[PDB]
Structures are given as C-alpha cells and as structure tokens.
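Peer 1: Pasting a structure here, questions to come.
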Amino acid sequence: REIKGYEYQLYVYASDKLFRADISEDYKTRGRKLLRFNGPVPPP
Amino acid sequence: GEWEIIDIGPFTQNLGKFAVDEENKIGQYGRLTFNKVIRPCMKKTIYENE
C-alpha cells in the first residue's frame, strides 16, 4: 500500500485454464492483497 | 520502480495458491482448483516516489 513493497504479476494454472494475477506485498507488514485476476488468457 | 524476473520455486508457487484462494471468496469464475505457476513471473519493487 506504500511505495515500499512489491507487486508481482503471475501466470496461474487453475482448473486447466491460464490466468493473470497481480498481487501486492507491503514491505513492513507482509500484507499481501490480491489485486486483479482475469482469465482465461492465451499462453505466453 | 525496479523490475526483474523471478523463478517459479515454492515461493512463486505460494503466490499461486494465495491468488486462487483469494479469488474463490469473490468467485466470479465459479470456484477453481489451483494447478501450477508457469513462467514468466515478474516482480516490481516500489521505492519512495509516486
């Protein structure tokens, strides 16, 4: 939540389908928050 | 800020599981069984400037 953390983008396989997931991660608290989840997508 | 690629070890497989479990509470896709994290996995690190 603070420009002091991370952001991950992911390609997750769930139920034989491919999805896009962007997660956040606060440097101090280790507060992960799911941000966007969309799919299915074409494989990279 | 910085940007880098990371490897799909059990750290990345964990953010896989969290993303699915978290979708399933808001389950617009019905409900889903996680299967795996594929490459590439990107990771931004933000610093004090917005």
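In the structure tokens, the first chain shown is A, the next is B, and so on; residue numbers restart at 1 for each chain, and ligands run from 1 in the order shown.
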Name all residues at most 10 Å from segment 23-31 of chain A (count only C-alpha atoms; drop same-chain ones fewer than 3 positions away) and give them as a PyMOL selection string.

Peer 2: (chain A and resi 1-10+34-37) or (chain B and resi 15-16+18-19+43-46)

Peer 1: Write out as a ChimeraX atom specification each polymer residue whose atoms come within 12 Å of residue 23 of chain B, counting only C-alpha atoms; drop sequence neighbours fewer than 5 positions from it.

Peer 2: /A:12,14,19-23,33-39 /B:16-18,28-34

Peer 1: Selected residues, N, CA, C and O atoms, written as an mmCIF file, in the first residue's frame, please.

Peer 2:
data_model
loop_
_atom_site.group_PDB
_atom_site.id
_atom_site.type_symbol
_atom_site.label_atom_id
_atom_site.label_comp_id
_atom_site.auth_asym_id
_atom_site.auth_seq_id
_atom_site.Cartn_x
_atom_site.Cartn_y
_atom_site.Cartn_z
ATOM 1 N N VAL A 12 -1.139 -18.075 -13.596
ATOM 2 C CA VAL A 12 -1.520 -19.223 -12.736
ATOM 3 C C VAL A 12 -2.362 -20.195 -13.532
ATOM 4 O O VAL A 12 -3.195 -19.771 -14.336
ATOM 5 N N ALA A 14 -5.200 -22.849 -13.098
ATOM 6 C CA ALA A 14 -6.192 -23.287 -12.164
ATOM 7 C C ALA A 14 -7.268 -23.935 -12.944
ATOM 8 O O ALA A 14 -7.756 -23.307 -13.867
ATOM 9 N N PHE A 19 -4.442 -17.966 -16.182
ATOM 10 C CA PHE A 19 -4.975 -16.709 -15.658
ATOM 11 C C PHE A 19 -3.880 -15.699 -15.358
ATOM 12 O O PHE A 19 -2.719 -16.013 -15.017
ATOM 13 N N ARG A 20 -4.293 -14.469 -15.345
ATOM 14 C CA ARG A 20 -3.383 -13.434 -14.969
ATOM 15 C C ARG A 20 -3.623 -12.863 -13.572
ATOM 16 O O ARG A 20 -4.723 -12.408 -13.269
ATOM 17 N N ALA A 21 -2.623 -12.855 -12.687
ATOM 18 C CA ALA A 21 -2.814 -12.370 -11.345
ATOM 19 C C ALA A 21 -1.770 -11.414 -10.867
ATOM 20 O O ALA A 21 -0.577 -11.715 -10.898
ATOM 21 N N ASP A 22 -2.204 -10.259 -10.401
ATOM 22 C CA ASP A 22 -1.286 -9.240 -9.972
ATOM 23 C C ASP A 22 -1.394 -9.114 -8.482
ATOM 24 O O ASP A 22 -2.470 -8.750 -8.033
ATOM 25 N N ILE A 23 -0.395 -9.382 -7.659
ATOM 26 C CA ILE A 23 -0.560 -9.335 -6.211
ATOM 27 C C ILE A 23 0.223 -8.177 -5.577
ATOM 28 O O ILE A 23 1.198 -7.721 -6.170
ATOM 29 N N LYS A 33 -2.249 -8.528 -0.762
ATOM 30 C CA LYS A 33 -3.600 -8.211 -1.199
ATOM 31 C C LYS A 33 -3.770 -8.681 -2.666
ATOM 32 O O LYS A 33 -2.941 -8.340 -3.517
ATOM 33 N N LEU A 34 -4.761 -9.516 -3.016
ATOM 34 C CA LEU A 34 -4.989 -9.853 -4.412
ATOM 35 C C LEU A 34 -5.567 -8.628 -5.090
ATOM 36 O O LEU A 34 -6.489 -8.040 -4.521
ATOM 37 N N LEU A 35 -5.020 -8.269 -6.262
ATOM 38 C CA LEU A 35 -5.358 -7.035 -6.964
ATOM 39 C C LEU A 35 -6.251 -7.165 -8.166
ATOM 40 O O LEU A 35 -7.225 -6.428 -8.328
ATOM 41 N N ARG A 36 -5.873 -8.019 -9.098
ATOM 42 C CA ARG A 36 -6.634 -8.195 -10.311
ATOM 43 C C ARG A 36 -6.524 -9.638 -10.637
ATOM 44 O O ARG A 36 -5.457 -10.202 -10.443
ATOM 45 N N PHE A 37 -7.581 -10.259 -11.062
ATOM 46 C CA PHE A 37 -7.473 -11.621 -11.511
ATOM 47 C C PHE A 37 -8.400 -11.676 -12.701
ATOM 48 O O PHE A 37 -9.543 -11.207 -12.638
ATOM 49 N N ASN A 38 -7.848 -12.103 -13.835
ATOM 50 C CA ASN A 38 -8.558 -12.164 -15.108
ATOM 51 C C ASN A 38 -8.052 -13.305 -15.931
ATOM 52 O O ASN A 38 -6.869 -13.619 -15.905
ATOM 53 N N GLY A 39 -8.940 -13.920 -16.668
ATOM 54 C CA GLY A 39 -8.612 -15.050 -17.478
ATOM 55 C C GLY A 39 -9.895 -15.611 -18.073
ATOM 56 O O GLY A 39 -10.975 -15.052 -17.784
ATOM 57 N N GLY B 16 0.902 -18.404 -6.136
ATOM 58 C CA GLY B 16 -0.100 -19.040 -6.961
ATOM 59 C C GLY B 16 -1.336 -19.354 -6.124
ATOM 60 O O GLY B 16 -2.418 -18.803 -6.385
ATOM 61 N N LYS B 17 -1.149 -20.214 -5.093
ATOM 62 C CA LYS B 17 -2.195 -20.647 -4.151
ATOM 63 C C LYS B 17 -2.967 -19.488 -3.548
ATOM 64 O O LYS B 17 -4.191 -19.501 -3.643
ATOM 65 N N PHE B 18 -2.288 -18.491 -2.951
ATOM 66 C CA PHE B 18 -2.938 -17.295 -2.434
ATOM 67 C C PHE B 18 -3.817 -16.680 -3.495
ATOM 68 O O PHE B 18 -4.952 -16.385 -3.136
ATOM 69 N N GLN B 28 -16.379 -15.080 -8.921
ATOM 70 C CA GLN B 28 -16.869 -14.707 -10.233
ATOM 71 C C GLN B 28 -16.688 -15.857 -11.310
ATOM 72 O O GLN B 28 -17.403 -15.896 -12.311
ATOM 73 N N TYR B 29 -15.613 -16.683 -11.187
ATOM 74 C CA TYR B 29 -15.268 -17.841 -12.065
ATOM 75 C C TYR B 29 -15.935 -19.126 -11.507
ATOM 76 O O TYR B 29 -15.523 -20.268 -11.786
ATOM 77 N N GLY B 30 -16.985 -19.026 -10.686
ATOM 78 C CA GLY B 30 -17.465 -20.211 -10.020
ATOM 79 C C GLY B 30 -16.573 -20.451 -8.809
ATOM 80 O O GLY B 30 -16.642 -19.666 -7.846
ATOM 81 N N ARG B 31 -15.750 -21.508 -8.866
ATOM 82 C CA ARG B 31 -14.776 -21.884 -7.825
ATOM 83 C C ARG B 31 -13.707 -22.670 -8.581
ATOM 84 O O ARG B 31 -14.128 -23.388 -9.491
ATOM 85 N N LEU B 32 -12.402 -22.616 -8.224
ATOM 86 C CA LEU B 32 -11.330 -23.203 -9.038
ATOM 87 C C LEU B 32 -10.294 -23.952 -8.241
ATOM 88 O O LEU B 32 -9.860 -23.429 -7.207
ATOM 89 N N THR B 33 -9.833 -25.070 -8.809
ATOM 90 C CA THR B 33 -8.703 -25.824 -8.262
ATOM 91 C C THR B 33 -7.356 -25.350 -8.823
ATOM 92 O O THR B 33 -7.140 -25.294 -10.026
ATOM 93 N N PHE B 34 -6.442 -24.888 -7.982
ATOM 94 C CA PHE B 34 -5.114 -24.467 -8.403
ATOM 95 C C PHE B 34 -4.460 -25.676 -8.986
ATOM 96 O O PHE B 34 -4.761 -26.786 -8.525
#

Peer 1: Just checking: using only C-alpha atoms, which residue out of B:14, B:5, B:24, B:47 ends up closest to chain A?

Peer 2: B:47

Peer 1: Need to verify the contact set: residue 6 of chain B, 9 Å, only C-alpha atoms, exclusion of same-chain residues closer than 5 positions in sequence. Can you return it as a list in words?

Peer 2: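 Near neighbours after the sequence-gap exclusion: residues 12, 39, 40, 41, 42 and 43 of chain B.
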
Peer 1: With N, CA, C and O atoms kept, could you save the residues just selected as a tab-separated table (two decimals), in the first residue's frame?

Peer 2:
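File produced: result_32.tsv:
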chain	number	residue	atom	x	y	z
B	12	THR	N	7.25	-18.74	-5.53
B	12	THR	CA	6.28	-18.34	-6.54
B	12	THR	C	5.05	-19.23	-6.53
B	12	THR	O	3.95	-18.71	-6.66
B	39	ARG	N	6.08	-19.87	-16.12
B	39	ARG	CA	6.97	-18.71	-16.35
B	39	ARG	C	6.42	-17.85	-17.49
B	39	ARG	O	5.72	-18.35	-18.37
B	40	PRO	N	6.66	-16.55	-17.57
B	40	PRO	CA	7.43	-15.75	-16.65
B	40	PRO	C	6.69	-15.12	-15.41
B	40	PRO	O	5.48	-14.89	-15.42
B	41	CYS	N	7.42	-14.78	-14.33
B	41	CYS	CA	6.90	-14.19	-13.12
B	41	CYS	C	7.75	-12.99	-12.86
B	41	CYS	O	8.92	-13.02	-12.54
B	42	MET	N	7.08	-11.93	-12.97
B	42	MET	CA	7.64	-10.62	-12.93
B	42	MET	C	7.66	-10.05	-11.48
B	42	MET	O	6.79	-10.42	-10.68
B	43	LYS	N	8.56	-9.16	-11.01
B	43	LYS	CA	8.34	-8.57	-9.71
B	43	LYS	C	8.84	-7.17	-9.56
B	43	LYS	O	10.03	-6.89	-9.61

Peer 1: Within chain B, find each residue whose DSSP state, derived from the backbone, is alpha helix (DSSP H), and express the selection as a ChimeraX atom specification.

Peer 2: /B:10-25

Peer 1: Check segment 1-39 of chain B with DSSP on the backbone and list each residue it calls strand (DSSP E), as number ranges by chain.

Peer 2: B: 5-6, 34-39
